[PDB]
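One chain follows as structure tokens, the form deposited in one PDB entry.
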């Protein structure tokens, strides 16, 4: 009972891996050294005793659909990630990700995680989204999907500004304790 197993899923332009590296290395997203390896571990304190949080990164592409669930056994908590400035990744949360994890792990808790929230207040991004007649996902929308899909919680962060980063994993850790 030494390591929490937290499995992270989502689409591949969501910034989900840059998020785990930033939090794990305690660095801003431009200052970490690119790694060739997958997965991340960090030490977290439970009552003064030292515990390891293990972050299992998954590739979200369809080519890995057959192999990804083999990582699901022994999972304590899931993190379903989407960018708040990519509506497709948000639709893929309802369409693909919550289905897949709830099918294989029907009793394992999961959080809904919004990334790149800094770009919500970005002019160029807000215009690029205008050109395709889409607007960024608002927290109320994501909270509604969180309640509908039965997520433990909805959490938002920015790996660039660090805002809400610590709270994502504080909330993952509490969910993993069951």
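Positions refer to the first chain, counted from 1. Heads up, when I say rigid core I mean the largest set of C-alphas that superpose within 1.5 Å between the two forms.
Just so it is clear, the following notes concern the form deposited in another entry, a form of the same protein that is not shown.
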With the two forms fitted on the rigid core, I'd like to know which residue in 135, 27, 150, 144 is displaced by 2 angstroms or more at its CA between the shown form and the other one. 27
Kindly indicate if, in that other deposited form, the C-alpha atoms of residue 114 and residue 33 are closer or farther apart than in the structure shown, bearing in mind the change is 3 Å or more. closer
Since the Cα-Cα distance for residue 32 and residue 165 shifts by 3 angstroms or more in that other deposited form, is it a contraction (closer) or an expansion (farther)? farther
